Amino acid sequence: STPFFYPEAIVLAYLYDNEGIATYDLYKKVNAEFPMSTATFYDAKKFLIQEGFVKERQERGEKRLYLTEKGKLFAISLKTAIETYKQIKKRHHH
Amino acid sequence: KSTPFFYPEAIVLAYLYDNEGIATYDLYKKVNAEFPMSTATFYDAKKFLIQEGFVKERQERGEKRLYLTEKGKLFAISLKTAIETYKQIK
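Residue numbers (this note's numbering), protein chains in the order written: chain A, 1298 to 1391; chain B, 2 to 91.
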């Protein structure tokens, strides 16, 4: 489900500008716009950590997400794509 | 299936920008060079892009020709940016 982006792409895009977010809150946010399961969401967190786009730290009584140098770069161009997608969907509910 | 961030539709659509008027078969080959995928997968993606209105098929010049709708034109640009950025990061 959801064309054209996999979960790793959405999760990555959403993290941009939300560094510091507790992991599960990032899930709530993503899910509010692009519904996915926690299984699918965590699979994506796993992957982006493993491929060196995202870092997860236990800070201030929570596990939180930061972007990586290569994540920060990629996240921006993904955001622009998903965002344009969202606006294309809105434009065209006809 | 294969590639991480992008579903075949996304790759297909990005690659069609502006190889507009490419023969379908030839778009397959181009796509397959950087993003190996089966024809089954490719044609699935062609089907979807036409049915959700990003792409149109017309027979021109004795060939199956793929073109971008207006919706597809806006979207392909932003997609190609992301894929390009991805390739440069790999």
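For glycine and all other residues, C-beta sits at the position ideal for the given N, C-alpha and C.
| Item | Value |
| --- | --- |
| Any idea what DSSP makes of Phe1302 (chain A), helix, strand or coil? | strand |
| What do you reckon, are the CB atoms on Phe1350 (chain A) and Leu1364 (chain A) nearer than 9 Å? | yes |
| Give a yes or no on whether the minimum CB-CB distance between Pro1300 (chain A) and chain B is below 9 Å. | yes |
| Can you list, in chain order, the residues of its chain whose CB lies under 8 Å from that of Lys1383 (chain A), leaving out five sequence neighbours each side? | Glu1330 |
| CA-CA distance, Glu61 (chain B) and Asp45 (chain B)? | 22 Å |
| Figure out for me which residue from B:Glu53, B:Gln52, B:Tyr29 and B:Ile51 has the closest Cα to the Cα of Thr42 (chain B). | B:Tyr29 |
| Cβ of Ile1318 (chain A) within 9 Å of Cβ of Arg1354 (chain A)? | no |
| Can you tell me where the alpha helix (DSSP H) holding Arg1388 (chain A) begins and where it ends? | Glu1366 to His1389 |
| I'd like to check one pair, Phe7 (chain B) with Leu80 (chain B): are the Cβ atoms closer than 9 Å? | yes |
| Whole-angstrom Cβ separation of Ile1373 (chain A) and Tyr1313 (chain A), contact assumed at under 8 Å? | 6 Å |
| When Cβ atoms are compared, which residues of the region 1355–1376 of chain A fall closer than 7 Å to chain B? | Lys1367, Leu1370, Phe1371, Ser1374 and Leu1375 |
| Closer than 7 Å, Cβ to any Cβ of chain B: which residues of the region 1305–1336 of chain A, in chain order? | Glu1305 and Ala1306 |
| For the alpha helix (DSSP H) that contains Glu35 (chain B), what are its first and last residues? | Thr25 to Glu35 |
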